[PDB]
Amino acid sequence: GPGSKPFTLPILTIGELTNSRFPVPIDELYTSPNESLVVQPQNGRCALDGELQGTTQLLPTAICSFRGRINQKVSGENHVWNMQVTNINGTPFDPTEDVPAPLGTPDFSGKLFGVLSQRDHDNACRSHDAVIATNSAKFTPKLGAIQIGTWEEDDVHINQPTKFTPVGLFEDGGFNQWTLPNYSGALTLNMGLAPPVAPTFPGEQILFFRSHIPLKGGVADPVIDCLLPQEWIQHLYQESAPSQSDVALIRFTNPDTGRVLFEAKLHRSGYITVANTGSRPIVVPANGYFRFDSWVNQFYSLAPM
């Protein structure tokens, strides 16, 4: 009609949200100033009008997963395999397409721990622990191939349907959630990226949805922070509501109480800022959720958290 469809978010509490950058539930909200770090995740990217960006796709369980077939054991390597990757649904990946990598590809540097599974054309199956170094020169998903390490020296089959189910990190050394992999390998620039995000208003910081992820060994508390929960992305994709301005004011509210705990800016490009100093984890009532209040601009002065 003459009027626009009102923008909406799903009615979901902190305990009903999934991380859009790793297939686990959100544990908490978190805010910190990115003085040195540049924030440019490729998963969990979606404009408020429902446009998916970067490597973002809709399936929460498939985030950081891989699909394809093993073409060979890597030359001069025991326990390392070369995997030709397809899209998550099994359809061929189109390397010339204007995305950084197959949708769902991990968007952080480190050693990912998970399980490699196969079901051969004759239905003979196997699953073994595996590691994928997203920070290695031979991590080339954009070119259609990655390398996968196993402990099992021999029991991986060639030219058979293969999946990688992510579990967590193998080790904490070399892990940086904000360092993008080189999707095309060494000496090649990433392309088709979702843009970096930063709080434009002096005094604001990004608000993240944070998950603490598993670690195979070591002493650490590795976390993955996403800009938007996967359910919000799924919702925005469904709704495709036009954005009335560059910023939607949202209010975190407990429904039974009816009281608003704090307010934040949801930006058109798909991330949240708040007025806060330093980095502190945010604990919120299990009943509470973000409610859309109105459209404002970048110059709107938020109430301090």
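Residues carry their position along the shown sequence, with the first being 1.
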Between 291-299 and 17-25, point out the one with the higher average CA B-factor as the PDB entry records it. 291-299
Of the two stretches 133-141 and 161-169, which shows the higher Cα B-factor on average in the entry? 133-141
Among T91, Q84, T105, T150, highest Cα B-factor in the entry goes to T91
From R45, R280, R67, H267, the top C-alpha temperature factor is at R280
Chain-relative CA temperature factor third for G50: middle
Of the three thirds of Cα B-factor ranks in this chain, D221 occupies the middle
C-alpha B factor of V197, ranked within the chain: lowest, middle or highest third? middle
Give the position of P95 by CA B-factor within its chain, expressed as the lowest, middle or highest third. highest
Split the chain's modelled residues into thirds by Cα B-factor; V74 lands in the highest
